[PDB]
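Residue numbers (the deposited numbering), protein chains in the order written: chain E, 16 to 170; chain C, 11 to 170; chain D, 5 to 170; chain A, 16 to 170; chain F, 16 to 170; chain B, 10 to 170. Ideal Cβ placement from N, Cα and C applies to all residues, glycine included. The structure under discussion appears below in the form of structure tokens.
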Amino acid sequence: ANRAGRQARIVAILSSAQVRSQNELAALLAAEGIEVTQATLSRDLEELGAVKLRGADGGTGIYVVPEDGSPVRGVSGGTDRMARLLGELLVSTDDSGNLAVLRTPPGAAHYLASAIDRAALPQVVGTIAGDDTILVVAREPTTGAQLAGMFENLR
Amino acid sequence: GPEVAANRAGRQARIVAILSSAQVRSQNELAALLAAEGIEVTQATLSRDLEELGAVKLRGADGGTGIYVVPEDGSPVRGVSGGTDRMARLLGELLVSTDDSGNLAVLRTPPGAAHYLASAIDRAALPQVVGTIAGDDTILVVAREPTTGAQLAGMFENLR
Amino acid sequence: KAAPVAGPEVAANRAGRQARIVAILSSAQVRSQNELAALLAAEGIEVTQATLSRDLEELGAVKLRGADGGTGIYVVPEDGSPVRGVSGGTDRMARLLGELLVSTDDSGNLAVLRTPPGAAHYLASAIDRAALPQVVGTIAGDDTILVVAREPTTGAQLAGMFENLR
Amino acid sequence: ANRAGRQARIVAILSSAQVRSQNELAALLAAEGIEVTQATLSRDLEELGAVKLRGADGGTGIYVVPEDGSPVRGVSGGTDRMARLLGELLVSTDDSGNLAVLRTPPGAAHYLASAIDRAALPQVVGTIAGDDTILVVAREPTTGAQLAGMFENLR
Amino acid sequence: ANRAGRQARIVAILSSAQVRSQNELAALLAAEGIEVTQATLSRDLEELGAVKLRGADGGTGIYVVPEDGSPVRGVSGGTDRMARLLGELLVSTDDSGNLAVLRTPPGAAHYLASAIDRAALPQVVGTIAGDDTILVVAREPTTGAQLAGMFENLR
Amino acid sequence: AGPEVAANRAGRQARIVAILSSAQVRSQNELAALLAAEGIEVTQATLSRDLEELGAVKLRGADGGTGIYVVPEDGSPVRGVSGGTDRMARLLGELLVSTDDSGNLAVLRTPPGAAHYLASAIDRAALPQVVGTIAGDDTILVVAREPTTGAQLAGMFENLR
DNA sequence: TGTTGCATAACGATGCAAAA
DNA sequence: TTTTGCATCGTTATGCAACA
DNA sequence: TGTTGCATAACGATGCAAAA
DNA sequence: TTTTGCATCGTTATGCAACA
DNA sequence: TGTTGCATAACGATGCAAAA
DNA sequence: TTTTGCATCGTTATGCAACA
Ligand SMILES: NC(=[NH2+])NCCC[C@H](N)C(=O)O
Ligand SMILES: NC(=[NH2+])NCCC[C@H](N)C(=O)O
Ligand SMILES: NC(=[NH2+])NCCC[C@H](N)C(=O)O
Ligand SMILES: NC(=[NH2+])NCCC[C@H](N)C(=O)O
Ligand SMILES: NC(=[NH2+])NCCC[C@H](N)C(=O)O
Ligand SMILES: NC(=[NH2+])NCCC[C@H](N)C(=O)O
């Protein structure tokens, strides 16, 4: 029942049991020989990298050891990221009234359009993408003409 | 404007927004940043929300108390699956017909409803589905072997 | 036609029934609501004329006189081709609106609605059927809808309507 | 005699009033001088071509005179129609298992895919369209190979 | 003479070899008995209809004999073509400001929208298609109202 | 006085296909001229690299040798040849989230909206073992042609980034 | 049927003292 | 010098009732 | 890592003279 | 009368370095 | 809040007799 | 010879309660 030897037995338990909470982890260890208290397990999981992952509607969650690196890749970034994509797949800029008209390679529309929404520009009312064209609605007083050139200057 | 909504649709979309561009490490903290927009809700629902959103409190700070992150569509959380409570709702609201062929399950919906339903299915991340793909009034659900298309169709059927 | 024996298993709700209704009215000569209830029954779909009336009323179906004498047939306007002359329709749009509407905003003659991912097209469809006289038409992406207000109505004005209507 | 001068006054009433029912049409005529009974109005509207149109969720409906020709163009046809479209915009046919893979000109996918659904082929489980590609799922025992060639033979 | 018997042996070589260049075609013939020079082969391929086809990212290319007729069907035409499609699947025209609103049969949107882009109308800033609706952005001074009626007059 | 094109491949290429479609280009240097006629100055070196990635072919239209340039229209890939990975491999390591399979199907996942973009590069690749593709928003279905299997395709995409 | 607040149990991280 | 347990309190989950 | 220009080799079409 | 080779020059491909 | 059945009023088409 | 009204009955709409 060594200290560093206990954690190696925890890893195995997790990779074959839906461990709900730390209490139930004391049990899975208890009936297994090794016996500890909730407080200390919280410490092991801490340094063991383990986390409490769950499905999209999977209630409480389960403790599991992260594999490759990051267990979850959450929602994308902001402005600087859009700038990079923008320069990568922006074909042409144009405007008409409060409207800015972006043209992209076939199918690339939605991807770029999303990156734009992500940046949450205060001067933008929202976007709509087709296949090779995006409409960017500017909010008063800002004009589509402005946005048009605006996108240009970070392509 | 933009004038957010006074419902789950509005609040949730607003929730993911914040958690994405901020360092939220506690549910009550979220309730504060929401209040900072005229969005007042109790921690009870917030718990019910980011649980339906599939949000996880990953330890970013090298010490216990970590941050909140919401898995980006297309990149479901590796390891877990759970999620039906909602899919079951939309399923009894949008499902027109179930049918199958081979390892494929063919769901039908009203016009335009295709993508919406499939999204809830993707979040459900069912272990027996490899993934989904939607058109306008049709969804294809790829059953992962040895599970069959017929079998999937059955599930969707008696689950509404 | 659709049975779990040799075909697609229809649903036990409005979604399923309605989609099945339009199907029949399209490939058949239905001239009475009770007749519809029969052809539906012929598929294990049993419903009363009360709801059928509520259904094809929400579907925007009309009893056009095809037979040169009074008693005509039923037809459901094809999306993109709304009925010319009338507009009415909110009861449903109002429902989906309070369920899918994330945010309302505007600019010029445009009203910008936001929805959850994928919900864009679904909502816009209910709006198209509503055929509001002050909207020229709609167009949806994935999480965004553009509603073109017809002059002199303004984008701001439309945004307001959608707002307090949920 | 007079019976034909009355109908000309009915046309005008309709083009400027939300006439709900035939009773309320007797009223609109009554307070206007001309007076008749429900039974006969049913006859006038009959031969006048008038119909009771309504919005998608517009409740009861209103009597109106059809303009150009047909007031409403309802849901499309069936098999023979698909055949026409099919020959018009089908680029290539192929298959793999229970799957038939149709290729169309850019964007034409959804249109053709719809025409296919309309035909409601008993040997088809449903379709899904992208931009220039459609997937047609065949139902056992029918194979995608069959459908593939099937489409070919009516292009 | 023998000149007509050599080409028949070239056809076969091509239908079973990735012939990169004409030099390597002299070799494939050389070690086969028949021997000629680069200059003359250029002439044979010329009248043999053969062409140098290649994949989308398939480098140099390969000589192959066209089968049915045209080996490649390239990007679509221009204005007169759009006119044909336009009359075929245009449900209704309308406008609001610099915007023209086209309505099509379900799913037909993207197809027609593409044909419009193809015409590259100088008075058009670009288009965006949904399912049964297209938005056509006019460029100043041209108004959506103009475009709206413009489309009408070639339906 | 019009749409302001871009100063990159995205802009130039889209502009290239435009010209080749509505014109009779019979030489690469000629293209460089018509491009220059729009403030688009590039060397024949890249133009060669461009219309090679576009899959353009110099088909003999004029009854004599010197023919014109045509770019195959999406949905109508060139019959006979396949080649094309250099680009698909790029987008693949940039947009591919996860690979999975089932039966004759390969299921690729991408970020939101990226689905169609990736699938397009795959379609142009015209791989002999793929019958075709179809994309949603964050998912692509790749139909492997027998005897090739879905699992097999998944593998390829995997170790190719 | 779907949703939210309230009040309470369930659960996890950490200071501080004792033990190996 | 370090590790574990105790005890505490910040944090998250849920039965239940109210309401629409 | 992705891209473009430069300079150079690789490659293909054609006039002109000799050969079958 | 036609066909092939020589030689030439317009056309296309690429190693390499520069640059971001 | 969304939905469906039940029972009832609202509504429209038609046979048959009287009126212009 | 035709047109309108009466009266009837097939057809469609809805308040209300039950239920989820
Ligand atoms: N699917 C296509 N190839 N469409 C071509 C035209 C696209 C249209 N302008 C849009 O972005 O909506
Ligand atoms: N209204 C339409 N766009 N119909 C075409 C799409 C139909 C096809 N079953 C799909 O869901 O992809
Ligand atoms: N995942 C996505 N496809 N996002 C696109 C969002 C913006 C896009 N213009 C729309 O119509 O909503
Ligand atoms: N123009 C495009 N977006 N092409 C993408 C093609 C992807 C796939 N073959 C589909 O039809 O969905
Ligand atoms: N089947 C549908 N998606 N219908 C809704 C269409 C929404 C909008 N009118 C568009 O064309 O984009
Ligand atoms: N934002 C969305 N459209 N989500 C639904 C995605 C459904 C399916 N995975 C697809 O890619 O088509």
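Counting the other Cβ atoms within 10 Å of the Cβ of B/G102 gives fewer than 16, which makes it exposed. Note: D/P81 is bridge-paired with A/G89 in the DSSP secondary-structure output.
Nearest in C-alpha terms to A/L114, of all of B/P121, B/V152, B/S129, is B/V152. Between ligand 5 and F/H125, a heavy atom-to-CB distance of less than 6 angstroms is absent. Here E/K67 is buried, its C-beta having at least 16 other C-beta atoms within 10 Å. In the DSSP assignment, A/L136 forms no beta bridge with any residue. Judged by DSSP in its simplified three-state form, E/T142 adopts strand.
If you draw a 10 Å sphere on the C-beta of D/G74, you find fewer than 16 other C-beta atoms in it, and that means exposed. In this structure F/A163 is buried. Its beta-carbon is surrounded by 16 or more other beta-carbon atoms within 10 angstroms.
For E/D147, the closest alpha carbon among the candidates E/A124, E/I28, E/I49 is that of E/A124.
With respect to E/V87, C/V87 sits close: the two C-beta atoms are nearer than 7 angstroms. Interface residue (Cβ-Cβ distance to chain E less than 7 angstroms): D/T108 is not classified as such. Separation of D/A128 and D/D59 (C-alpha to C-alpha, rounded to the nearest whole angstrom) is 20 angstroms. Here D/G48 is exposed. Its C-beta has fewer than 16 other C-beta atoms within 10 Å. Residue pairing for E/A153: DSSP places it in a beta bridge opposite E/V139. Interface annotation, A/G73: in contact with chain D, CB-CB separation under 7 angstroms. Among the CB atoms of chain A, one or more fall inside 7 angstroms of the CB of F/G122. For A/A163, the three-state secondary structure derived from DSSP is helix. With contacts defined as CB atoms closer than 7 angstroms, D/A135 and A/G159 fail to qualify as a contacting pair.
Boundaries cannot be given for B/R170, as no alpha helix (DSSP H) includes it and DSSP labels it neither H nor E.
Taking CB atoms only, C/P81 has no neighbour in chain D less than 7 angstroms away. Contact check for B/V51 and B/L44: beta-carbon distance about 6 angstroms, within the 8 angstroms limit, so the pair qualifies. Think of a sphere of 8 angstroms around the beta carbon of B/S85: the chain A residues whose beta carbon falls inside it are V106, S107, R118, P120, in chain order. Judged by beta-carbon spacing, E/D109 lies within the 7 angstroms limit of B/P12, meaning their Cβ atoms are closer than that value. Annotation for D/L104: the continuous alpha helix (DSSP H) segment containing it runs 95 to 104. When C-alpha distances from D/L104 are compared across D/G122, D/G92, D/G84, the shortest belongs to D/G122. Distances between the C-beta of E/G145 and the heavy atoms of ligand 1 include at least one below 6 angstroms. The beta carbon of A/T142 sits closer than 6 angstroms to at least one heavy atom of ligand 2. Around the beta-carbon of D/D72, fewer than 16 other beta-carbon atoms lie within 10 Å, marking it exposed. Linking C/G89 to C/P137 through their CA atoms gives a straight-line distance of about 10 angstroms.
Within the chosen limit of 6 angstroms, ligand 4 does not reach the beta carbon of B/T119 with any heavy atom.
Across the structure, D/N38 and C/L56 are spaced so that their CA atoms are roughly 48 angstroms apart. Chain order gives the chain B residues near F/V66 as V66, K67, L68, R69, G76, where near means a beta carbon separation below 9 angstroms. E/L100 places its beta carbon less than 7 angstroms from that of E/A130. Here the C-alpha atom of D/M165 lies approximately 31 angstroms from the C-alpha atom of C/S30. Chain F has a Cβ within less than 7 angstroms of the Cβ of D/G141.
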